[PDB]
């Protein structure tokens, strides 16, 4: 039950197969999957599940196809509405490891064009659709058709050059993915593929994109305050 990296079990977490689901809002769930790193233990990765009327929107895969299938299973059981689309927040295993499971389920997948271009080099499957972004980082609306409350924002390079973020419009929830670390984080996680020059501005950009989101959901920590953004940014300031 207990990851080395990620939030531990708390009451109101629902354990379903190998995954954990935490209701954040009437219409928003966090999905948590665990990659058993040999010798390091389980690494939690969080995405989101959003009910938008008669359809469900997914943010990020699990680490694996098998885990992402369990997410669909959980959605089927708990919401029992079709998954309209998945948005995946950059081309790394924690965010796009389960693309095949979404595709096999006939779920329309969207990623940053650059994530799609990077997917093959990262041993991953591209999303079937490419999000492009304006100079101010907002998704080009035509590339994000019928996204409902998923408000996609490319904050700039940080965790990766392709990392994107998702505000859940009509909620106080914004999703920073692996760009954002919790307010008590000692580390910015894996900086291997990171843009250390732009990280801070990108963390802040995310904050300013979703100025009214009080609940910040991220890949490897329990949903947190805006302090997650500000702390991530302050840590990122040291990188320059």
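Positions refer to the first chain, counted from 1.
- Looking at 204-212 and 182-190 together, the entry lists the larger mean B-factor for 182-190, computed on C-alpha atoms.
- Looking at mean Cα B-factors across 73-81 and 110-118, the upper value is held by 73-81.
- The maximum CA B-factor among the listed residues 199, 29, 175, 40, taken from the PDB record, is found at 40.
- Residue 36 sits in the highest third of its chain by CA B factor, as recorded in the PDB entry.
- For residue 65, the recorded CA B-factor ranks within the highest third of the chain. Only modelled residues enter the ranking.
- Per-chain ranking of the deposited C-alpha B factor places residue 218 in the lowest third.
- When all modelled residues of the chain are sorted by CA temperature factor, residue 158 is found within the middle third.
- In this PDB entry, the Cα temperature factor of residue 145 sits in the top third of its chain's modelled residues, the highest group.
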